[PDB]
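**Student:** Sharing a structure, written as structure tokens. Questions coming.
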Amino acid sequence: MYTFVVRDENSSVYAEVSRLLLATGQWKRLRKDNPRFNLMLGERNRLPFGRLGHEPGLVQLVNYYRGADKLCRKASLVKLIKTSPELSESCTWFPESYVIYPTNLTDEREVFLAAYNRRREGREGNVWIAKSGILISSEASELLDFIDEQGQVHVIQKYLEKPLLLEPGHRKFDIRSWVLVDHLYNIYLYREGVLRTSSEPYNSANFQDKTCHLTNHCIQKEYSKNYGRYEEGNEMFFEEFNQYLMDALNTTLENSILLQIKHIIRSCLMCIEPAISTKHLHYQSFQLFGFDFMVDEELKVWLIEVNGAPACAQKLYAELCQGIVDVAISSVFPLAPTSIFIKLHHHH
Amino acid sequence: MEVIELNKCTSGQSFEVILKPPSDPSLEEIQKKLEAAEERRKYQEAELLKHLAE
Amino acid sequence: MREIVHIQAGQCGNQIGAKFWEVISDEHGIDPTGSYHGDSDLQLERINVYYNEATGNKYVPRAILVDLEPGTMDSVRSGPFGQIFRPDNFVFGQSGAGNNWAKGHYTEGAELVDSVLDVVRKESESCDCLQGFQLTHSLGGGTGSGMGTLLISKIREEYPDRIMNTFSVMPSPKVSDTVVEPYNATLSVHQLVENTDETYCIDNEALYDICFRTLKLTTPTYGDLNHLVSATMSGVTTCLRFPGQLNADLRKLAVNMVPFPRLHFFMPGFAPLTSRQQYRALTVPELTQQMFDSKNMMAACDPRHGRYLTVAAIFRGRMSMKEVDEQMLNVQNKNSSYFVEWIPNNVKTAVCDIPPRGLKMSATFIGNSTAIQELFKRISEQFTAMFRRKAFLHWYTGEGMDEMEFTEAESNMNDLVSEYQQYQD
Amino acid sequence: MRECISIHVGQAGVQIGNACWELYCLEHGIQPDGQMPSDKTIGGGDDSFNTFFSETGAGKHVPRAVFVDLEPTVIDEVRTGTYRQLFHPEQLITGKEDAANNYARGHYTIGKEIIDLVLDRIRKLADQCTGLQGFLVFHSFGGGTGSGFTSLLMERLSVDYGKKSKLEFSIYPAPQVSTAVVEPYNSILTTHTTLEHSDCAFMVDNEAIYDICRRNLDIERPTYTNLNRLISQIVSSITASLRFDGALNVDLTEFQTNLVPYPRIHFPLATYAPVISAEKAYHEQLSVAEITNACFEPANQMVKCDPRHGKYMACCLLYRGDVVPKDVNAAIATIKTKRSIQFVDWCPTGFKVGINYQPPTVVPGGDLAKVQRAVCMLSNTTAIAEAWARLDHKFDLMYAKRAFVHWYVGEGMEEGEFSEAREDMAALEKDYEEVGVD
Ligand SMILES: Nc1nc2c(ncn2[C@@H]2O[C@H](COP(=O)(O)OP(=O)(O)OP(=O)(O)O)[C@@H](O)[C@H]2O)c(=O)[nH]1
Ligand SMILES: Nc1ncnc2c1ncn2[C@@H]1O[C@H](COP(=O)(O)OP(=O)(O)CP(=O)(O)O)[C@@H](O)[C@H]1O
Ligand SMILES: Nc1nc2c(ncn2[C@@H]2O[C@H](COP(=O)(O)OP(=O)(O)O)[C@@H](O)[C@H]2O)c(=O)[nH]1
Ligand SMILES: CCC(=O)Nc1ccc(S(N)(=O)=O)cc1
Ligand SMILES: [Ca+2]
Ligand SMILES: [Ca+2]
Ligand SMILES: [Ca+2]
Ligand SMILES: [Mg+2]
Ligand SMILES: [Mg+2]
Ligand SMILES: [Mg+2]
């Protein structure tokens, strides 16, 4: 009988995993403070990694990689890409970004203005986005003044002015990919992704109204008036999106987009593997990641950010959560297909 | 990757490699503490004997 | 040279105490005449803990036999190992106690207690470094219960910084001699709450059920019950009698088992308990599964009704100490709901190479469980069923006691129950 | 030449001390009778090994050591053991009854009545020293003597020997071999009262030594002898610079200068490699890069923790055997480009290296195999704070219910000393966090 604890009551994902584990009859849940556990579904912030792997006779496993925050933080990701030789500052799939600390607190203010003044002089598109509460503007004076009014670290990156627009609608969108990394640092990509689309026509002459520019599921469902028009919940899945790329663009999701996404996932996770791997550690880690991508009208994929505690599309909870139990939990704690994941081989 | 202060002798050598530059209670006070705890022990045993005498 | 002084009082106390010395004398190679005839140095390594060494290389137990009538001790003196006890250590009267706690504690017992303390003082003055005392007695009678607790009160006065340990037989209506046993047990329990550091609770009902259901003894006798007590007393004292480091000391045992001064009442357990299929080899998994099963427990309390504050396990014989740790960690990791989570690593395991007589290996269980409150609840209910009608009190008021003293003992034991209840949640 | 006095307190200290002096003797060619054929100066001399051994007219080399235990059974082994002839009776002190795993019993009740005797015996050793450096104190955290009496002895040493350095070798408690539930109490009580009196302390977590013995030495159920033979190899590596000719860590002061820039953070992590099974058919001898790289593996750290998620304040590499500086620097470069090594911004990113050409001495019949080269890395990492967190957590669990507190109050200790000691640890954990995390 395997034992586990639940220290994150808000995780819609592992709420289902906990439900599945108990459904097997071979997993028993303990109070969240019982140290005699095999598996920890740990909290988001300040997870006590230092107390894992010190229970005699218990192989302990946790659903978070210590140190993965370097990849799942706005400012952290920028610093990681610019400083890691594996990614280099010339990384071709990450928008030009800069770490900007508010003036009330290193900082890349002047470095940003240099690149900014260069674009302004060259007649090129000079629209940037600030985030950490987001502001889109073409004037550097507005972006910097917006961060100084706050009190947390922000990042300014180039705004993709030529995004791929779905038709009909002439609308923006992003792509969410779920990636599961097991204790052996195998990189599995869920075969099912979701396009979080904007139900509003993309308007390039007005960044004030951010309803057609931000594809967040909560924004379209709160400030958009065409929510759920073209697809239920502004969530087009790969089957539909693939058939679209064929009818309209005469290509496939695999060739035009999926190769770039698989390449980006590998590069990011392989980069930090020496820093977060639990191969020789007294405990074991695995984690689910939510990668967010952008597609421009040239069918080039850009990485937007990485989420360390992602949610899942309602339709895909059952399949994905079961996959988490098969490859991540039962792989270390077996029980008495056609895999739903795509293994991204690499050199450890 | 500099090597400084290399010292060598018959039974070994030692050196320093720099990769990157940077960016009580008195004797009296102890006796009091010890004698204070001894007094609290004596007091507790006196209450235990007082309890047994009753 | 950490000596322990043994005291056995009353009928039950002297009959169980006799069997105890019979068992461990064999385990240490001491024959009925006190001569050593063992074949292992481990037998003598810690022999001086329970035995004095006399001339001619004779080992004399450090035991004092006390009773208010001669009968039982005449049997011991004529028993198997009767000749091994120091003749001067027989302290007895002629009146008897008539199963009366007041007679043993206030009247008949008071007349004899000083002479018993003269022998105790004599044994202690010859100890290089006295650890403490261990008393065997029942709580349902008069001498072991009433005079036993009187002896403990007066020993704690003369040796206030030594450890007081007792094996206490709790009465049960299923194995009862008189109807006043709950009176005597309730009066003693209060004394034990105050003046002992460790008490092994032995319920005659559990001993009976084990003899009847598990051992398949049709008509159990006191002798059958005392066989279980012997084996248990040998198991819980192994840490003290042989080389080791886990426990191996009355005070160190107390520090690891008693998180609160009044909650020092232990449930002992033993394995195996086989009915005569007695030659079969017993594996480590089997030893562990049985040692934790309630049917192997001698307090007659269901552990699943409470929680273990601390646990001490002792495995005897040549076995895989690696395989012992695994099974132990398996029991804790398979029933962690029955262990308090505010005492980390509260389950300690000890190994001993010398197994009991006639067994390849065995396991003894010592638990400080909050379920023990069921035992005090039964006693309290039986006490109140009679005390509410003042039934049978004239036996006690005739010895100078007042009803108020009964009310106080009643409340004191109900407080003890309430104390266990708060730590169970 | 300046002398060093070793003090062994409690069972863990004494038994570990027995294994070290056994090793010291084999290393310096000293026999059980104290004779040393290679010492051509009979009855005296100021060689490096004289910092740990004095000499008599008859030519006996006597350790500068004191063994203290409140119970006589452990120290009786030393009196009749193989090296019974090394020590004279003045060096071995034993009481009649121990501290029962009770800090307050060792520090107050029993400590008060024996402290003056121990100091007198240490004073005798000091009077043979012409330039005493300080003391090396071996003890456990979890025992009542190792914890309680040690902190009392450290307080008095700071009084009787003000300007003398004091280093610790402390045994961190591990349940797989622990025999007491209250060891978290004792560990935290003894760290609080010793923190201001210890200039540098090397913590060894029994859990780590246990797992190394099972993993590398293939010992299914390690014993204290197995554990102590391995611990004395690490200890020997740390004290070798004081006993042999050299220029690094030549005196106890240099230990603080090189490993402890901040006073309270004086607990360097020890890492040792390689540990090869003697029963092995025959192992392939590892290179300088391979053993150096092993210093950054959690598997051979004296305390299991993740240095990848801390910041270094200092780093010493202590090599023994066939090693040349050219190979050390080459391996270090290779490790920098592969490992996550972050130094605090107010400290240089460097490595002090010491090399002793004599390879590790293995005890005949021991468990360790002879190797041609070995290394012990001493690094002051914030990552070792994981150990304080673990321990402070278990403390919080029991103290929230006052479980077992009556045993300490019963020995004259005030309950308020629990919270006072715990608050000090909370400030210690905060110090690490302020130095390591951004
Ligand atoms: N590595 C190692 N640890 C030991 C040894 N002896 C005891 N320990 C550890 O020390 C802790 C217990 O403290 P001890 O040193 O035995 O107790 P003590 O200092 O003698 O104090 P008291 O016996 O209570 O008077 C436990 O965590 C043991 O695992 C040893 O020889 N080697
Ligand atoms: N450089 C850029 N160019 C174009 N659009 C961008 C962009 N950066 C962000 N966006 C827009 O913002 C949205 C993503 O915002 P972001 O992910 O930074 O906020 P967030 O992290 O709170 C949402 P989540 O974490 O749930 O994916 C996308 O829908 C995208 O359209
Ligand atoms: N287990 C066991 N219990 C006994 C024995 N003799 C008496 N008892 C129990 O002890 C109680 C009677 O006390 P007893 O020892 O006979 O009275 P005392 O001589 O005045 O101390 C009753 O509960 C009996 O069941 C015995 O040999 N073994
Ligand atoms: C507590 C029980 C008790 O004292 N019983 C007892 C005592 C004396 C006598 S008599 N009548 O004097 O022989 C009869 C019974
Ligand atoms: Ca009379
Ligand atoms: Ca000399
Ligand atoms: Ca000082
Ligand atoms: Mg986000
Ligand atoms: Mg009777
Ligand atoms: Mg000891």
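Where a number appears in this text, it was derived from the coordinates with a stated rule and is not lab data. Positions of Cβ are backbone-derived with ideal geometry, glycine not excepted, and every protein chain shown enters the neighbour counts.
**Student:** Hand me the tally of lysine pairs in the range D:71-218: alpha carbons under 19 angstrom apart, and the pair either on different chains or 8 or more positions apart.
**Tutor:** Within the range D:71-218, the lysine pair count is 4.
**Student:** Oh, and also: Just the Kirkwood number for the range D:269-383, please: inverse of mean 1/r across all distinct Cα pairs, in Å, one decimal.
**Tutor:** Roughly 14.8 Å, rounded to one decimal.
**Student:** Enter the Cα centre distance for the pair the range A:298-335 and the range D:40-107, rounded to the nearest angstrom.
**Tutor:** 62
**Student:** To the nearest whole number, what is the average tally of beta carbon atoms from other chains within 10 Å of the beta carbons of peptide B:24-35?
**Tutor:** 4
**Student:** Right, here's the next one. Take the alpha carbon atoms of the range D:109-181, find their center, do the same for the range C:1-37, and report the distance between the two centers in whole angstrom.
**Tutor:** Cα centroid to Cα centroid, the span is 42 Å.
**Student:** Separate question: If amide hydrogens are placed 1.01 Å from N in the peptide plane, which non-local residues have theirs closer than 5 Å to the one on A:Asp296?
**Tutor:** A:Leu164, A:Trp302
**Student:** What is the Cα radius of gyration of the protein assembly as shown over 2.2 N^0.38 Å, N being its residue count? Before the final figure, lay out each step's value.
**Tutor:** Working: Rg = 36.3 Å, N = 1265, 2.2 N^0.38 = 33.2 Å.
Cα-based Rg divided by the globular estimate yields 1.09.
**Student:** With a ≥ b ≥ c taken as the square roots of the eigenvalues of the C-alpha gyration tensor of the range C:1-259, please select rounded if a/c is under 1.5 and otherwise prolate if a/b is larger than b/c or oblate if it is not? Mind dumping the intermediate values first?
**Tutor:** Values: a/c = 1.38, a/b = 1.22, b/c = 1.13.
It is rounded, given that a/c, with a ≥ b ≥ c, falls under 1.5.
**Student:** Right, here's the next one. Scale the Cα Rg of the range A:32-95 by the rule-of-thumb value 2.2 N^0.38 Å and send over the ratio, two decimals.
**Tutor:** 1.55
**Student:** Let me ask something else about it. Could you please report the charge total around C:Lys360, scoring K, R as +1 and D, E as -1 over all other residues with beta-carbon less than 13 angstrom from its beta-carbon?
**Tutor:** +2
**Student:** Please compute the average number of Cβ atoms from other chains found within 10 Å of each residue's Cβ in peptide C:255-261.
**Tutor:** Mean shielding count: 6.
**Student:** Next up: Which order do C:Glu194, A:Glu297 fall in if you start with the one that has the fewest other Cβ atoms within 10 Å?
**Tutor:** By the 10 Å Cβ count, ascending, the order reads A:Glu297, C:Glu194.
**Student:** What residues have an amide H closer than 5 Å to that of D:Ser54, excluding those fewer than 5 places away on the same chain, when H is modeled at 1.01 Å from N in the peptide plane?
**Tutor:** D:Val62, D:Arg64
**Student:** If you don't mind, another one. Return the sequence-ordered ³J(HN,Hα) values of the range D:93-99 in whole Hz as given by the Karplus equation 6.51 cos²θ - 1.76 cosθ + 1.60 applied to θ = phi - 60°, using x for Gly and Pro.
**Tutor:** After applying 6.51 cos²θ - 1.76 cosθ + 1.60, I find 10, 9, x, 9, 9, 7, 8 Hz.
**Student:** Pairs of alpha-carbon atoms within less than 8 angstrom and 6+ residues apart define the contacts here; what relative contact order does the range D:269-383 have, in percent?
**Tutor:** Once divided by the residue count of the range D:269-383, the mean separation gives 45 percent.
**Student:** Among rounded, prolate and oblate, which fits the range A:271-342 when a ≥ b ≥ c are the square roots of the eigenvalues of its C-alpha gyration tensor, a/c under 1.5 means rounded, and a/b larger than b/c means prolate? Spell out each step's value before the answer.
**Tutor:** Working: a/c = 2.45, a/b = 1.36, b/c = 1.79.
It is oblate, given that a/c is not under 1.5 and a/b is not larger than b/c.
**Student:** Taking amide H positions as placed 1.01 Å from N in the peptide plane, with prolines and chain starts having none, which residues 5 or more places from A:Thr3, or on another chain, fall under 5 Å of its amide H?
**Tutor:** Under 5 Å from the amide H of A:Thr3: A:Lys28, A:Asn38, A:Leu39.
**Student:** Please report D:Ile276, B:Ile30 as a ranked list, fewest other C-beta atoms within 10 angstrom at the top and most at the bottom.
**Tutor:** B:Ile30, D:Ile276
**Student:** Continuing with this model, one more query. Which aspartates and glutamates does D:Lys370 reach when only Cα atoms under 17 Å apart count, and residues fewer than 8 places away in its own chain are ignored?
**Tutor:** D:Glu22, D:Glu27, D:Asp218, D:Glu279, D:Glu284, D:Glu290, D:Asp322
**Student:** To the nearest 500 deg cm²/dmol, what mean residue ellipticity at 222 nm is calculated for the protein assembly as shown from DSSP H runs of n ≥ 4 alone, each contributing -39,500 (n - 2.57), summed and divided by the residues?
**Tutor:** -11000 deg cm²/dmol
**Student:** Right, something else. Can you find, among D:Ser232, C:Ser153, D:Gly134, the residue farthest towards the positive end of the dipole of the protein assembly as shown? Put +1 on the C-beta of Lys and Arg, -1 on that of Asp and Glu.
**Tutor:** D:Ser232
**Student:** Which GluC sites (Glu not before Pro) in the range A:1-50 sit in a loop by DSSP (not H, G, I, E or B) and have at most 12 other Cβ atoms within 10 Å of their own Cβ?
**Tutor:** Here the GluC sites (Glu not before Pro) that fit, given the DSSP loop and packing criteria, are A:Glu9.
**Student:** Another one. Counting partner chain Cβ atoms within 10 Å of every residue's Cβ in D:195-207, what's the average?
**Tutor:** That average works out to 1.
**Student:** Right, here's the next one. Please report the spacing between the Cα centers of the range A:1-17 and the range D:318-383 in Å, no decimals.
**Tutor:** 43
**Student:** Hey, what do the phi angles of the range C:166-175 turn into as Karplus ³J(HN,Hα) couplings, whole Hz, using 6.51/-1.76/1.60 and θ = phi - 60°, x for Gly and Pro?
**Tutor:** Taking θ as phi minus 60°, the curve returns 9, 9, 10, 8, 7, x, 9, x, 6, 9 Hz for the range C:166-175.
**Student:** Which ³J(HN,Hα) values, rounded to whole Hz and listed in residue order, are derived for the range C:418-423 from phi using the Karplus coefficients 6.51, -1.76 and 1.60 in 6.51 cos²θ - 1.76 cosθ + 1.60 with θ = phi - 60°, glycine and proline given as x?
**Tutor:** 4, 5, 4, 5, 5, 7
**Student:** Could I ask something else about it? About the Cα centre of the range C:260-371, what is the dipole size in debye to 20, counting +1 per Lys and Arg Cβ and -1 per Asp and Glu Cβ, all else neutral?
**Tutor:** Using only the charged Cβ atoms, the result is roughly 320 debye.
**Student:** I'd like the antiparallel share, as a percent to the nearest 5, of DSSP beta bridges with both residues in the range D:1-268.
**Tutor:** Roughly 10 percent of the DSSP beta bridges within the range D:1-268 come out antiparallel.
**Student:** Percent antiparallel among DSSP beta bridges with both residues in the range C:260-371, to the nearest 5?
**Tutor:** Once the DSSP bridges in the range C:260-371 are tallied, antiparallel ones form about 65 percent.
**Student:** From Cα pairs below 8 angstrom and at least 6 apart in sequence, can you work out the relative contact order of chain D, rounded to a whole percent?
**Tutor:** So the answer I get is 16 percent.
**Student:** For the range D:149-266, rounded, prolate or oblate, judged on the Cα gyration tensor with a ≥ b ≥ c (square roots of eigenvalues), a/c < 1.5 rounded, else prolate if a/b > b/c? Intermediate values should be presented prior to the final figure.
**Tutor:** Details: a/c = 2.45, a/b = 1.29, b/c = 1.91.
Oblate.
**Student:** Sticking with this structure for a sec: Averaging sequence separations of C-alpha pairs under 8 Å and six or more residues apart, then dividing by the length of the range D:196-350, give the relative contact order as a whole percent.
**Tutor:** Values: 155 pairs, mean separation 41.7, N = 155.
Relative CO of the range D:196-350 lands at 27 percent.
**Student:** To make sure I understand, if each residue's beta carbon is the centre and we count other beta carbons within 10 Å, what order do C:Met361, A:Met246 fall in, fewest to most?
**Tutor:** On the way: C:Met361 21, A:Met246 13.
Going from sparsest to densest Cβ surroundings: A:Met246, C:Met361.
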